[PDB]
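Protein chains in written order, with the deposited numbering: chain A, 1 to 223; chain A', 1 to 223. A prime marks a further copy of an entry chain.
Virtual Cβ for every residue (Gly too), placed ideally from N, Cα, C.
Worksheet: one structure, shown below.
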């Protein structure tokens, strides 16, 4: 069960986003080994798209284990919180919610308490958090089954964490042995081979190399 | 040119939201005086819906001067800002962007600098900010043509600001004489008559009394 997440971050218009889905759809139908892994639950591809694109894009998708995911969610539930997108609103549109991304720590001063609250919202609606952490000091909820290690220094820098340090890291975390562990941080078609030889690493969170749907599919083809 | 904005805040599922649009659509077609004002640009109805609902709901709408609006927008432009919805992304989906809501000051510590940055993003994409203020101390950009006075003490409390104090307030703001000025804060079908006799007030921002599409249409029928 390999995971790969295209994290567009704050990129793309509705039109650019829909073109991306047509490019990935066509490549999937053109690549029978990828189709096999998807159909056999050996692979899942998550498109972590901005909130306003989740529903239109998900209407363009019929491939099993290809699905949209939210990039974030409100710390609040339903209520008078102008601007907030709640887990309950996502219950309709997606099954996976990325939370705790390093960028939200840097730019919006998200703390562990904040992310843990976001995690409780996601789980209480029956959704799956993809719980991002920056290091060993970030607290991890026990309802979290999918963790993404995305350290700030590796994001967009080319300085990906050595594969064996990444595998070592996973063994040292506050995680059930059967949890899903992803790596994110300058994963590109050259970088990714450094992690595929470590079974402790179950997938990838891909930012930069996810914007071009062809580059992203080079990554998909390697899992 | 009267404005009325249904601010759902952090309410509704996709299904609840779509039902709302069918209820308002049917009432409009059933109310020829409302249809006339809409067609003659005497009235605009803005549905300020959560980000993931903007595109599906706008596909259910063919009535002129009935349109969706965003409740907020990122301080950032396109870039590596996981979770952010930018003005550029909204250029596709909506023409109006609510910014500066009092709830975002209380819960997310938005400051004038923050809201002014959000305003610059909205305008640079050719969209219309609906610029909310809490009092006379909030700075107002000059590119802002639509201002909504939404003081915290009047929100959800029943303590709406007296109509004449509201009209007086508008005359004292840093605003061009031809700017659009809305009032928000416990506007309901009883409250609203207190403001309709003051021509300084060009419309309403409606939170609580907007969730029920029938109550909301009682408000619409009074403009």
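**Asked** Under the rule that 16 or more other beta-carbon atoms within 10 Å means buried, what is residue 89 of chain A', buried or exposed?
**Response** buried
**Request:** Helix, strand or coil for residue 143 of chain A, going by three-state DSSP, please let me know.
**Result:** coil
**Residue span of the alpha helix (DSSP H) that contains residue 224 of chain A, given as start and end** = Since the first and last residues shown for chain A are 1 and 223, residue 224 of chain A lies out of range.
**Request:** Report the three-state DSSP secondary structure of residue 179 of chain A (helix, strand or coil).
**Result:** coil
**Request:** Kindly say whether residue 7 of chain A', judged by its beta-carbon, lies nearer than 8 Å to any beta-carbon of chain A.
**Result:** yes
**Request:** Could you name the residues of the same chain whose beta carbon sits closer than 6 Å to that of residue 129 of chain A, not counting the 5 residues immediately before and after it, in chain order?
**Result:** 97, 99, 119, 122, 144
**Beta carbon proximity, residue 31 of chain A to chain A', threshold 8 Å** = no
**Prompt:** Relative to the C-alpha of residue 73 of chain A', which residue among A/73, A/80, A/84 is closest?
**Reply:** A/84
**Prompt:** Looking at the C-beta of residue 179 of chain A, does it have a partner C-beta in chain A' at a distance below 8 Å?
**Reply:** no
**Asked** Whose C-alpha, out of A/108, A/158, A/52, is nearest the C-alpha of residue 189 of chain A?
**Response** A/158
**Item:** Local conformation of residue 93 of chain A' per DSSP, three classes
**Value:** helix
**Separation of residue 32 of chain A' from residue 39 of chain A', as counted between CA atoms** = 10 Å
**Prompt:** Can you name, in chain order, every residue of its own chain whose Cβ lies under 7 Å from the Cβ of residue 202 of chain A', other than the five neighbours on each side?
**Reply:** 1, 2, 3, 180, 181, 182
**Asked** Would DSSP call residue 208 of chain A' helix, strand or coil?
**Response** helix
**Request:** Report the rounded CA-to-CA distance for residue 115 of chain A versus residue 172 of chain A', giving the unit in angstroms.
**Result:** 42 Å
**Prompt:** Does any residue of chain A' bring its CB to less than 8 Å from the CB of residue 22 of chain A?
**Reply:** no
**Request:** Determine, using beta carbons only, whether residue 8 of chain A' and residue 48 of chain A' come nearer to each other than 8 Å.
**Result:** yes
**Prompt:** Do residue 155 of chain A' and residue 131 of chain A' have their CB atoms nearer than 8 Å?
**Reply:** no
**Item:** The alpha helix (DSSP H) enclosing residue 216 of chain A', as first and last residue numbers
**Value:** 213-221
**Asked** Is the Cβ of residue 187 of chain A closer than 8 Å to any Cβ of chain A'?
**Response** no
**Request:** Measure the Cβ-Cβ separation of residue 14 of chain A' and residue 93 of chain A and say whether it is below 8 Å.
**Result:** yes
**Asked** Could one say the Cβ of residue 96 of chain A' lies closer than 8 Å to chain A's Cβ atoms, at least one of them?
**Response** no
**Message:** If you reduce the DSSP assignment to three classes, tell me which class residue 61 of chain A lands in.
**Reply:** coil
**Item:** residue 222 of chain A to residue 216 of chain A span [Cα, whole Å]
**Value:** 10 Å
**Rounded C-alpha distance that separates residue 229 of chain A from residue 79 of chain A** = Absent from the model: residue 229 of chain A. The displayed extent of chain A is 1 to 223, so no value can be given.
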